Colleague: 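The structure's right below; bear with me while I get my questions together.
Note on naming: letters A, B, ... go to the chains in the order of the sequence lines (proteins, then strands), and numbering restarts at 1 for each one.
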Amino acid sequence: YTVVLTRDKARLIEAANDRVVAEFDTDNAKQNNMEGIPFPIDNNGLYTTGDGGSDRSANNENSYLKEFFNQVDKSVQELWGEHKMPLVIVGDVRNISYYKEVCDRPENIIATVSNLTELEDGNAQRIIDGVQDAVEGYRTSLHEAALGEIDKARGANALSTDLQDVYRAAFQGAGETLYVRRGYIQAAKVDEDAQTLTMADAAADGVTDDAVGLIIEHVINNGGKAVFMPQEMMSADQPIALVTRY
Amino acid sequence: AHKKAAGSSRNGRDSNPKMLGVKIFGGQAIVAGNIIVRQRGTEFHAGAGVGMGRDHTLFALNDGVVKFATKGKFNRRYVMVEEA
Amino acid sequence: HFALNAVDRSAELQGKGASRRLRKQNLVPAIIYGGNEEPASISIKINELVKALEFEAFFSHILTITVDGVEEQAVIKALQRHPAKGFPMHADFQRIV
Amino acid sequence: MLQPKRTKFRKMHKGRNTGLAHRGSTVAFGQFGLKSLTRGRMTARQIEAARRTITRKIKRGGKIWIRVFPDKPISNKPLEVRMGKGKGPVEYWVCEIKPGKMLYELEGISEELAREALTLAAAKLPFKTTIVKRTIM
RNA sequence: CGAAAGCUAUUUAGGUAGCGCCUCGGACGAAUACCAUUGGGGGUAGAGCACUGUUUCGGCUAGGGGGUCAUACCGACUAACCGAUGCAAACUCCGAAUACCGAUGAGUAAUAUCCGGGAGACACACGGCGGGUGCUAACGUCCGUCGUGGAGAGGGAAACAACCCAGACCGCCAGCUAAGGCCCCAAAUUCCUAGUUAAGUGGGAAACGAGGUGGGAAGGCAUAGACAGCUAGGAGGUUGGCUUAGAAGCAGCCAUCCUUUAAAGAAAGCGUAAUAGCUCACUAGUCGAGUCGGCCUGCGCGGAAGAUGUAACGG
RNA sequence: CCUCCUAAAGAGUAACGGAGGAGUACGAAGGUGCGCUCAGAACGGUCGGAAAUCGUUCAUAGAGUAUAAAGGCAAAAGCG
RNA sequence: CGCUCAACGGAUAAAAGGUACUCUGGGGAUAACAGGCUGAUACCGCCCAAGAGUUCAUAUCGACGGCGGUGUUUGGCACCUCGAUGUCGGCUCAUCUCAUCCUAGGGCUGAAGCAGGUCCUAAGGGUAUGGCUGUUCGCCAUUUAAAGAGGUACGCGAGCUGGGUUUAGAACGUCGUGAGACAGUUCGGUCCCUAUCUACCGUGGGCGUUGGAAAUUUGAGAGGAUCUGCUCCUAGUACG
RNA sequence: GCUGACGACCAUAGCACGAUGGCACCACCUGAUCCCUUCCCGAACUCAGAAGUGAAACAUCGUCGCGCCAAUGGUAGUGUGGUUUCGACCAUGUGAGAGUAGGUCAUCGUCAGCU
């Protein structure tokens with residue numbers, strides 16, 4: 001989710017990678033049965049128009065902004081509970097900080113982007129473009145967090161790193177998660193009748209060209225996940241690691 | 001005005017009262033010309049001794065005692081002035 | 001199973017206040033009509049009627065009501081219970097002939 | 001989210017929920033019901049929360065009846081709005097509930113799984129409910 | 001003697017004017033009020049679908065939702081109306097109680113009406129009751145209706161205009177009571193009878209939870225040894241079929257079958273990646289007398305965190 | 001200014017309460033005498049159908065009433 | 001016969017504005033601050049358990065829904081004050097709550113250890129300095145055992161300040177024909193009071209204390225104080 | 001005994017189905033010169049009449065299939081006084097609607113005609 005915060009309004013963009021899925025307009029129909037203010041949310045508080053009381057000298061502007069972002073977060077939470085995606089917060093530094101003060105579920109926030117431009121008139125795609133660096137930083141953090149999963153498997157004796165070991169474990173359905181270093185390719189002489197993965201010599205003798213792609217296919221086949229770990233978090237000499245089911 | 005859902009709905013006018021209904025009830029003495037019922041349409045119909053105005057007003061044509069009865073094949077409500 | 005005891009309900013035990021005050025004595029008002037004579041008002045103990053109502057054949061067979069003496073062959077016609085609490089509040093018995 | 005398809009009038013007078021449910025107080029369609037012991041407003045979000053919960057327990061093996069339909073719009077005034085200036089917009093639809101009314105009935109399912117599903121529905125409801133068997137009279 | 005804070009109108013909205021309400025005088029004299037009996041019309045409370053809508057389930061089908069060859073005529077086959085069932089200010093097949101308009105009749109009553117002199121008032125408030133509005137929020141607001149205050153002291157509610165009792169002409173070191181009370185502050189029971197509570201509940205607070213405690217209608221089992229404990233077994237087709245990496249009683253979907261039986265579920269839990277393993281249900285044995293689980297009712301328990309000091313019986 | 005509800009079954013009764021209309025029309029769309037009965041559904045029938053016109057059977061108004069709504073309307077207040 | 005005298009009981013045949021240059025009579029009958037009532041909203045807690053958690057609802061989190069507590073946000077009302085209750089922030093000086101940030105004691109843990117995560121108990125102490133901005137806040141830098149959440153007229157101007165807001169000058173953008181206007185900006189712009197009572201901090205006089213006096217004293221009670229880092233050793237041991 | 005006219009009453013009177021009636025009466029019926037009819041039509045209205053028929057209609061009788069009517073009891077509400085946890089409850093006086101048992105193929109008046 002992309003929450004776009006200003007002192008004047010709030011937008012909500014739901015995105016898949018580099019493209020926007022929707023913009024949460026007044027014709028979105030995920031907003032139909034809402035009990036909070038639907039997006040786009042105008043900041044039509046009493047002080048913004050001059051009605052009500054508490055004239056400017058009371059200096060309640062910060063508290064008005066904090067409560068407005070509290071209402072924006074109420075709408076965000078009411079839409080999140082139905083689809084539970086992570087959210088990126090976009091706005092001014094003080095705006096996203098006021099939002100983090102007030103957010104009811106601040107553990108679902110992955111990144112904040114404060115240098116994005118044209119937050120009111122800007123296109124939904126344009127904002128998604130400006131969040132790409134933060135979305136890739138989060139993808140890198142989600143790979144640094146897999147190092148601890150690999151260490152947990154290693155300490156529980158549920159991690160196989162030999163290529164033959166990983167082949168056997170993935171083939172008989174024991175592979176829970178596969179961790180492959182980026183671009184790691186290996187050719188080998190594989191015969192699943194005896195399950196012997198011996199190293200190839202020239203990849204011109206009847207061997208399988210991508211012995212590691214066969215591992216990836218088997219792990220995906222047996223209801224596992226494949227994580228492709230970048231070269232600087234995964235070791236060059238230990239380029240594969242499989243968290244087994246037992 | 002957060003949620004901004006309010007807004008003017010101008011229907012704040014009405015008409016003056018018309019003071020309709022039964023003016024003289026059953027068993028009462030009445031004199032000719034006295035209005036018995038002011039009504040819209042014939043909620044009550046003019047029986048013997050009772051006249052009906054252009055307003056559908058029922059009035060006594062002659063003195064006596066006003067009487068209400070449901071008569072006829074239509075089960076209509078009739079008002080009559082019995083000579084009593 | 002199909003025999004129940006009742007007590008005569010006099011004209012001073014009838015009405016809104018009396019029936020409410022009679023139900024506080026764990027008695028259920030009831031009327032016996034039908035046949036070829038005037039209806040008779042009786043009163044049944046709540047615990048006997050509640051027990052008799054559990055038997056699902058009680059509703060589809062000829063019943064016997066012995067009002068301390070005179071005895072009547074009846075069939076239960078209506079049964080109003082409490083809308084919320086659910087206990088029986090009045091029973092209609094049709095005299096069979 | 002039950003709601004009438006179209007209404008004669010947008011807004012309604014508050015009214016006064018009083019009295020007992022002398023109608024809709026007996027199990028009429030199912031073989032097993034859940035009636036109310038208290039009165040109040042049963043909004044259309046509680047209809048679908050109690051109805052989704054029973055559906056997940058019967059698992060296409062029973063039939064659920066909803067004896068309660070919300071057909072009464074409840075207006076609400078937004079924040080930062082003075083009194084007057086009209087009557088607020090409609091935000092939701094309640095059904096008036098009186099002590100005695102069933103809210104749901106089941107049929108075609110083990111009496112243990114039906115009790116276990118109506119128990120889970122009462123948890124999402126604002127009423128003190130009870131469990132009632134369909135009878136002859 | 002004794003109001004009003006209302007209606008109507010108003011460059012009116014905190015002003016004023018007519019009417020309503022007060023007083024004084026005159027006229028008139030029961031024409032007035034209360035109650036009993038009695039003549040009326042009503043569409044409210046309640047209720048109910050007969051109309052206007054709305055609503056759920058089933059049956060039933062012209063229209064619609066789909067699939068070979070097939071413009072081969074478009075072929076084979078997979079809304080309504082009836083019956084149950086709810087709801088509505090601007091729905092009513094119905095329909096009170098009161099209220100109102102009359103008649104007759106007693107008794108009681110410092111009546112009603114009209115005419116004229118003098119006003120004041122046209123900021124009302126709270127507590128009930130019926131509503132609109134609001135959030136069945138507000139010591140909120142706007143109506144209707146009653147009581148009180150206003151303009152009303154006295155007693156009670158600790159203190160507390162509007163709540164309860166009760167209407168102060170004055171004086172008394174007389175008596176009886178109302179509301180409320182009777183262990184002490186502080187007048188009057190450490191009064192009597194039968195119970196309940198163990199929480200200082202009484203003397204704030206809900207959904208919900210619990211094996212508190214009392215009572216009431218029923219039930220199931222039991223010296224053909226009941227409940228609990230302990231001992232032994234708890235099995236064989238079979239790893240039911242499917243699905244699934246695996247699904248072996250125990251992820252999930254479809255059945256609940258048979259056999260040795262005294263008994264043993266195609267399993268009520270724990271456990272395993274799946275198995276394994278530990279229990280349970282169930283049966284036999286030991287001991288010996290009552291016991292088991294639901295329902296309803298009363299009073300209790302937890303839920304229960306705030307700011308100067310106990311500080312949520314006035315003590 | 002009119003109609004309904006709020007409005008608590010006589011009248012009346014407020015809100016920046018909920019809903020709608022009016023600031024006209026007609027010398028016939030008035031008077032009278034006489035005469036007539038609608039909306040729909042089905043069946044049959046050239047164009048012609050779902051529905052034009054015709055004929056038949058049910059059909060207390062499910063129509064109409066110049067104009068909103070309410071109350072009325074067969075002796076029709078409806079139609080010649 | 002002649003009225004959108006339609007503000008429709010019609011003020012004249014005949015009529016717009018500005019004022020921060022302002023002024024008078026009044027009103028807490030009526031707004032802005034603070035209090036009060038209320039608690040929709042907010043915050044906090046609980047109930048249910050779809051799910052996430054590789055398995056596994058309940059280590060941890062809690063979708064759809066339900067029930068409360070607080071006064072604590074944004075509000076509602078107009079009860080108090082308009083014959084005056086000074087606005088935000090800073091400084092100084094505080095006082096209380098506990099829904100606990102650190103330190104203390106515990107249960108569970110997806111608790112090996114080290115570190116944590118939750119929840120219970122606990123208010124005795126302690127709980128930074130700066131850059132930016134008038135800021136409270138917030139971001140950031142560097143620390144710290146920790147840099148708590150709140151009430152106190154959003155504590156505290158007869159204690160200080162006066163940066164912002166909010167007088168009169170001037171300008172820009174914008175709106176207006178204009179006088180002028182702007183929860184738009186910008187430069188500038190008088191903060192009085194010798195303390196009577198209560199309170200508090202100190203320091204005396206009087207009388208009393210069963211004759212008076214000089215000393216020494218007991219202690220009903222009251223206040224103060226209560227924080228914590230790091231290094232070594234145990235021991236590179238337990239655990240891994 | 002039956003028929004017709006006009007009334008009372010307005011479903012316990014209606015609907016439906018079946019049966020009975022032609023001496024009078026009624027109704028269909030014949031004809032369209034005449035009076036009078038048709039935005040065309042002797043259909044209706046109107047006239048002149050008596051060959052046919054009770055077929056329709058109408059009247060009467062029968063029934064419970066529908067409709068209608070409808071208790072007793074209970075419930076809801078409610079005036080007054082009191083209490084309340086605001087839902088209600090107590091005293092007293094009232095008292096429905098729905099539904100049930102049940103009832104229903106009306107009941108009378110004036111006048112005339114055949115018998």
Colleague: Does the ring of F25(B) lie flat against the base of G40(E), closer than 5.5 Å centre to centre with planes under 30°?
Modeller: no
Colleague: Work out the groove (major or minor) whose paired-base atoms are closer than 5.0 Å to a side-chain heavy atom of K8(D).
Modeller: minor
Colleague: Which sugar class, north or south, is indicated for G188(G) by the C1'-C2'-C3'-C4' dihedral?
Modeller: north
Colleague: Scan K14(D) against the nucleic acid and name what it touches under 4.0 Å (heavy atoms): base, sugar-phosphate only, or nothing.
Modeller: base
Colleague: Evaluate whether atom CD of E107(A) has more than 12 neighbouring non-hydrogen atoms of other residues, nucleotides or ligands under 6.0 angstrom away.
Modeller: yes
Colleague: Please work out if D71(D) contacts a base, only the sugar-phosphate, or nothing of the nucleic acid, heavy-atom cut-off 4.0 Å.
Modeller: base
Colleague: Could a donor-acceptor pair under 3.5 angstrom be found where the side chain of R56(A) meets the base of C88(G)?
Modeller: no
Colleague: Cation over ring, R76(B) on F74(B), under 6.0 Å and within 45°?
Modeller: yes
Colleague: If you look at every strand shown and take non-hydrogen atoms under 4.0 Å, does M19(B) touch a base, only sugar-phosphate, or nothing?
Modeller: sugar-phosphate
Colleague: So what does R10(D) touch, heavy atoms closer than 4.0 Å: a base, only the sugar-phosphate, or nothing?
Modeller: sugar-phosphate
Colleague: What is the distance, to the nearest angstrom, from the NZ atom on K77(D) to the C1' atom on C77(G)?
Modeller: 14 Å
Colleague: If you check every side-chain atom of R21(C), which of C2(F), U92(H), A217(E) has the closest atom?
Modeller: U92(H)
Colleague: Between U3(F) atom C1' and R13(B) atom CZ, what is the distance in whole Å?
Modeller: 11 Å
Colleague: Are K225(A) and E176(A) close enough for a salt bridge, meaning some N to O gap below 4.0 Å?
Modeller: no
Colleague: To the nearest angstrom, how far is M12(D) atom CE from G134(E) atom P?
Modeller: 15 Å
Colleague: Would you mind classifying the nucleic acid contact of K71(B) as base, sugar-phosphate or nothing, using non-hydrogen atoms under 4.0 angstrom?
Modeller: sugar-phosphate
Colleague: Would you call the rings of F69(A) and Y99(A) parallel, tilted or perpendicular, taking 30° and 60° as the class edges?
Modeller: perpendicular
Colleague: Give me syn or anti for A13(H), where syn covers glycosidic angles within 90 degrees of 0.
Modeller: syn
Colleague: Tell me if the NZ atom of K11(D) is crowded by more than 12 foreign heavy atoms within 6.0 Å.
Modeller: yes
Colleague: Quick one: what's the B/S/- string for nucleotides 72-88 of chain H, heavy-atom cutoff under 4.0 Å, read 5' to 3'?
Modeller: BBBSSBB--------SS
Colleague: Assign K11(D) to base, sugar-phosphate, or nothing according to its heavy-atom contacts below 4.0 angstrom with the strands shown.
Modeller: base
Colleague: Just by distance, with hydrogens left out, do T49(A) and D51(A) show a side-chain donor and acceptor under 3.5 Å apart?
Modeller: yes
Colleague: Ignoring hydrogens and geometry beyond distance, is a side-chain donor-acceptor pair present between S75(D) and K87(D) at under 3.5 Å?
Modeller: yes
Colleague: If you look at every strand shown and take non-hydrogen atoms under 4.0 Å, does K73(B) touch a base, only sugar-phosphate, or nothing?
Modeller: base
Colleague: With a non-hydrogen cut-off below 4.0 angstrom, is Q46(D) in contact with a base, only sugar-phosphate, or nothing?
Modeller: sugar-phosphate
Colleague: Go through the N and O atoms of the side chain of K100(A) and the base of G138(G), and report whether any donor-acceptor pair is under 3.5 Å.
Modeller: no
Colleague: Can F9(D) be classed as stacking with the base of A90(E), given a centroid separation cut-off of 5.5 Å and a plane angle cut-off of 30°?
Modeller: yes
Colleague: Please determine whether a side-chain nitrogen of the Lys or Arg among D92(A) and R7(A) lies less than 4.0 Å from a carboxylate oxygen of the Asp or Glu.
Modeller: no
Colleague: For a quick check, tell me whether the side chain of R16(D) and the base of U44(E) share a donor-acceptor pair closer than 3.5 Å.
Modeller: no
Colleague: Could you tell me which residues satisfy side chain to side chain donor-acceptor pair (under 3.5 Å) with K133(D), sequence neighbours excluded, listed by chain and number?
Modeller: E111(D)
Colleague: Have a look at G72(B) and say if it touches a base, only the backbone sugar-phosphate, or nothing, with a 4.0 Å heavy-atom cut-off.
Modeller: base
Colleague: For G15(E), which nucleotide is its Watson-Crick or G-U wobble mate, given both distances must be under 3.5 Å?
Modeller: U10(E)
Colleague: Looking at every strand, decide which applies to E82(A) at a 4.0 Å heavy-atom threshold: base, sugar-phosphate, or nothing.
Modeller: sugar-phosphate
Colleague: If you look at every strand shown and take non-hydrogen atoms under 4.0 Å, does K152(A) touch a base, only sugar-phosphate, or nothing?
Modeller: nothing
Colleague: Nearest heavy atom decides the nucleotide; on that basis, is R23(D) or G34(C) closer to the 5' end of RNA chain H?
Modeller: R23(D)
Colleague: With distance as the sole criterion, do the side chain of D14(B) and the base of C5(F) form a donor-acceptor contact below 3.5 Å?
Modeller: yes
Colleague: Pick one for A245(E): is it syn, with its angle within 90° of 0, or anti?
Modeller: syn
Colleague: At under 4.0 Å between heavy atoms, what does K51(C) touch on the DNA or RNA strands: base, sugar-phosphate, or nothing?
Modeller: sugar-phosphate
Colleague: Under 4.0 Å between any heavy atoms, over every strand shown, what does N26(C) touch: base, sugar-phosphate, or nothing? Just pick one.
Modeller: nothing
Colleague: Select base, sugar-phosphate, or nothing to describe what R51(D) touches, counting heavy atoms under 4.0 Å on all strands.
Modeller: nothing
